[PDB]
Amino acid sequence: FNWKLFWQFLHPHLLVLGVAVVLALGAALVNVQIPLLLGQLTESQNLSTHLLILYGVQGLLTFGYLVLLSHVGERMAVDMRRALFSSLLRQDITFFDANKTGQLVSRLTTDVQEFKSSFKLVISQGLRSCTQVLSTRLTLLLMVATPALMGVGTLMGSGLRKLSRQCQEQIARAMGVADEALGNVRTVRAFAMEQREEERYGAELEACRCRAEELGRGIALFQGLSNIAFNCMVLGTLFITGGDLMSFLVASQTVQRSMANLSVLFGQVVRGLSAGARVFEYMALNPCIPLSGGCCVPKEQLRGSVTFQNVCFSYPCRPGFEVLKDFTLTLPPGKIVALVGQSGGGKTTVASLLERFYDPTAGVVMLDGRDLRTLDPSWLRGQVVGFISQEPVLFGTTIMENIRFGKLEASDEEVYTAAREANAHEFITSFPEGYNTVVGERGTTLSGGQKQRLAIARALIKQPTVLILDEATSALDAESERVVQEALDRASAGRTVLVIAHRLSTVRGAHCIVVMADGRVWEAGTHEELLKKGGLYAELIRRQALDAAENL
Amino acid sequence: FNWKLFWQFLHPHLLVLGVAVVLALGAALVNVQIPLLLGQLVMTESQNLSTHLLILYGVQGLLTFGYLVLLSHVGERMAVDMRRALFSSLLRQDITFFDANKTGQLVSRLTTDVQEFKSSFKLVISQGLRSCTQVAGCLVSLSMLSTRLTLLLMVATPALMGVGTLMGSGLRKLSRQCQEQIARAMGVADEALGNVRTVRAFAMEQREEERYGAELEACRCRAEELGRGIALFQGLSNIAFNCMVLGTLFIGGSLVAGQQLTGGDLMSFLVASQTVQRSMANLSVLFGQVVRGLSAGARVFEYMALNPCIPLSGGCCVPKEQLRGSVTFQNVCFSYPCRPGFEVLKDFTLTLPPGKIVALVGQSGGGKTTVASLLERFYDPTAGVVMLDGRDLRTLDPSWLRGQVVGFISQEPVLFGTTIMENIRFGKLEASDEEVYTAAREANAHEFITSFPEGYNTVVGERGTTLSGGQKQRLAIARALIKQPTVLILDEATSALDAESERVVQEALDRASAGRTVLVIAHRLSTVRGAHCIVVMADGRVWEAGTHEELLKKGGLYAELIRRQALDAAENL
Ligand SMILES: CC(C)CCC[C@@H](C)[C@H]1CC[C@H]2[C@@H]3CC=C4C[C@@H](OC(=O)CCC(=O)O)CC[C@]4(C)[C@H]3CC[C@]12C
Ligand SMILES: Nc1ncnc2c1ncn2[C@@H]1O[C@H](COP(=O)(O)OP(=O)(O)O)[C@@H](O)[C@H]1O
Ligand SMILES: Nc1ncnc2c1ncn2[C@@H]1O[C@H](COP(=O)(O)OP(=O)(O)O)[C@@H](O)[C@H]1O
Ligand SMILES: [Mg+2]
Ligand SMILES: [Mg+2]
């Protein structure tokens, strides 16, 4: 896994890598003749011009060998970042709840560069140092191979890998304290608890040093023992022609100086290998639910009948705490089914199961008789179901491209037709640039009602058969709430709609209402049926009628 | 700024740093006697010398370990002092900065850039000290009084070229352009992975991979340009040194014939320069790290030196006996620093009586939340003044005001990743366990907190138990009540709350609003009906003002708002 995947990225760049080896051997080959011709120095002018040619040749051989190594290292990094980001996006929602967004961005950009630059330095110094280095040759090569093997034959006992893993654990822990403090700085200032956050970070900061000093003392232990191991190798080979033994002792002294350069970079070797291990860690991960694995149903066959049969669910984070318990509900095609209940009853959880973000622990969820497990998730989310959350998410691009997120192969004329259906075209045209206006952090800040109107137009381009509306008009102002709801009803026409609303006034004219308590269907039926039943709905609407009469 | 602040962190660790220099000079000193004593060796006579040589190896290894440990200790302790000073300076920066700079990039500059500099500083001294001791040992042993000056000059030449190019318009602009694209591609990943749920909902994953992939090839493009640039310096530096050898050979050679310098000195210098060439080559390899390290080190000291417009402790405190709670806005004009042209607040004049609850109503984007942020002194007005009991907020201690005088309640509450008891305790730092429960009972929070298995020891947030909108807001009320506020801001506290939860939270807020100056910015006009007076905002100015009955009799903006509310109420019946 560590070296099996590493070879896959190195293999295409290996041809370019070989050219740099030749250039490095040739560069130090010119360096051998440099003091040779210097010792020899009209006779002077012929030799001085000759020496100036050799400097430019060595300087060109060194530059090229360093440029090729920088090119191989950077191109290998892009292939790793491309493969990791693709594998990260494929990962299920359970993983994104367990792992912070900040640490994932760091593993994708910092850890890759930490390995890349470390890989560059080991070959840059290694190749240069090794080029500076019949019977004496065999004994010399034997002494170079020993610290490369012995540094692994000793790594079997105490593990420098456990020290770096403990160091990376505290590095991410202190990183999360800074992200929570600086990210919610406005809330920190509000209650003027800055010195408390500095203390909370300061404590994690001294622990950050503590674990790094332990690894630091560990890396220094290897470097020190490696110096003793080499000097003992000299004494070992001395006891294991007389002119060869005499020459070898001077030759080992030259290797000792060259091996010392690699022993200095051992700290980078640890840091770099630990870095790349984390890059290949999340790259190999396979999610529970795939993205392309399934079957598609044509628009001529798809009617839009959603059926939940004895669906029991519990989140993978809390396997004990049951969210949905024996939940049975069937949505008729074209009919608008309302969903009412207490906060924490599993309302938003029901919706996420239909979008197939998670699969039930018991029972099945079916779309027109076909189970969602056998269906293609990308097809279901991207062409069948249209989701609308209580808080809309707008990317850092233009308004025209932000709506175009619904259907990839959608024309410019398709966006304006979709925007007119969600009463968005009226206020978008009013802007100076209009549809070419950027939105988000860098772009123009938009009101709650304006943002939600854009989200409706986004979900309408893909022409959905099923529509989920989870508290679409939650934190909207009285005026904006009336506008957005009016456009939502127009989009609800001729579609299967699962309305999860807080305002009971909009769910009064639905196909049927589903009251939910402790993840179970508590009450079900039409508006009149649930009033005649005298249940939870009747008590809820009784309190609603008293509040309404008081406002008149 | 780059070196002026750098010396402040290096100065206390300089004493420990000097000890490591001595250990490195001693370790290479033993390495000189290693082939000297090994050459003497080439049964009892051998046993006495072999045991003696084994002692020398253990002494060399101990001097190598200690020198590396001291350098790791100095480097790590210096990093903590830098991270402590940067985080403190980052939190002090005004809100304008946090809107201009992303939270992710600030975390990276605080952790990654510090470690990028620290490990780079570690490597330059690790190789540099080891390599320089190999040169110092050869210099004292071979060179005479005249050959020493020529040797030291040849070492100082690439160092003069080294620093000079790093300060220039070449390498410095290439790394700045590389860091610009590094942060740009980082923002694409953060927007994609951060909003992954929305990306999946519309199944546009291949579009996000393409958007990142384009920024990823540009990330290589700018880094390859810097890579080709750093390699150009390394190559030219190799030519520069070999030309220096040719230069001193002709300069010194002219003095050799004139009996000024012996032939043995010139011959020794050429062997000495060849030893330095091998030592300088080790530092030339690390030049890529020198660029990377200095660029990252500059970014850390850039935001550390920054001074905000509004301080945190600079001001005066008003005693509880003098503090009544009278807020006054006198011809207050405000335009955000981001949009200096777009005027949000124009000639705002409002006075809040002490103990009285003043309601604030207006259209979405009329500058309602903007008024609230000016009272919390997040920003200062472009014209006019905001006064607390006759005293201007500019002369007042900001931390005293936010931490003891004003109690803010936002439409979306923010709960940290700690226990419930510690999350409420965010109000008053020196608050007892008994103070939290008394505050929780005042916000109807104690009733549902005790119901939990662990209770107050239950963690909340991402790792903790997820709480309902109404439950989260009830905790925020109890948090703001510990500091015992004189002024209270309620900005749409019951916005995204369910009909049932909305009635509970308001029932608590109303009791908390008793005997305090309250600025209620509510969307539901039904709760603002029983206030001291209602204010109406139009295009950033006070359009209509007066009591509930007064504004109805006036027949203005409030009358048209209460008319649309009456039509919505009849539809709910
Ligand atoms: C942490 C503090 C104390 C150091 C901050 C100053 C740096 C900007 C200096 C210190 C040592 C300098 C280095 C000392 C030696 C060299 C070798 C020199 O290359 C050669 O002479 C090699 C020639 C060859 O290839 O034969 C190129 C500049 C460089 C890397 C210098 C670049 C600038 C450095 C890193
Ligand atoms: N990501 C999650 N991880 C763990 N528990 C969750 C998660 N999302 C929701 N829950 C839990 O599931 C239950 C119902 O959630 P949800 O459907 O979001 O609420 P609501 O009925 O208000 O829409 C609650 O007990 C909540 O804590
Ligand atoms: N951080 C900000 N940067 C730039 N403009 C802002 C910012 N916050 C608010 N505004 C602008 O100020 C105006 C009023 O804002 P605000 O008080 O938040 O609205 P509301 O009246 O709905 O509460 C709007 O035009 C809005 O775009
Ligand atoms: Mg919900
Ligand atoms: Mg507001």
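Along the chain as shown, the residues are counted starting at 1.
Per the header: X-ray crystallography, 3.4 Å.
Note that Cβ sites are derived from N, Cα and C of the backbone, with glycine treated the same way.
What Swiss-Prot says about this one:
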- B:14-34: transmembrane segment (TRANSMEM)
- B:51-71: transmembrane segment (TRANSMEM)
- B:72-150: topological domain 'Mitochondrial matrix' (TOPO_DOM)
- B:151-171: transmembrane segment (TRANSMEM)
- B:327-564: domain 'ABC transporter' (DOMAIN)
- B:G362, B:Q363, B:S364, B:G365, B:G366, B:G367, B:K368, B:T369: ATP binding site (BINDING)
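Now, the feature entries from the PDB entry:
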- B:570-573: expression tag (SEQADV)
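Apart from B:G362, B:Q363, B:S364, B:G365, B:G366, B:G367, B:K368, B:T369, the ATP site neighbourhood in this chain, defined by C-beta within 8 angstroms of the site C-beta centre, holds B:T370, B:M537. With 14 residues not built between them, B:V42 and B:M43 have C-alpha atoms separated by a whole-number distance of 13 Å. The binding-site residues near ligand 5, defined by a Cβ under 6 Å from one of its atoms, are B:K368, B:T369, chosen from B:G362, B:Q363, B:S364, B:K368, B:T369.
Filtering B:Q363, B:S364, B:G367, B:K368, B:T369 by Cβ distance to ligand 3 (under 6 A) retains the following binding-site residues: B:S364, B:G367, B:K368, B:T369.
Under 8 angstroms separates the C-beta of B:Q363, B:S364 from a C-beta of chain A, among the binding-site residues B:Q363, B:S364, B:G366, B:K368, B:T369. The Cβ of B:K368 (ATP binding site) lies under 8 Å from the Cβ of B:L360, B:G362, B:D491, B:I521, B:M537, each on the same chain and at least six residues away in sequence. B:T369 (ATP binding site) falls within a helical segment according to DSSP. Packing around B:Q363 (ATP binding site) is summarised by its Cβ count: 18 other Cβ atoms lie within 10 angstroms of its Cβ, all protein chains included.
Counting every protein chain shown, the number of other Cβ atoms lying within 10 Å of the Cβ of B:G366 (ATP binding site) is 20. Classification of B:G362 (ATP binding site) by DSSP places it within a strand.
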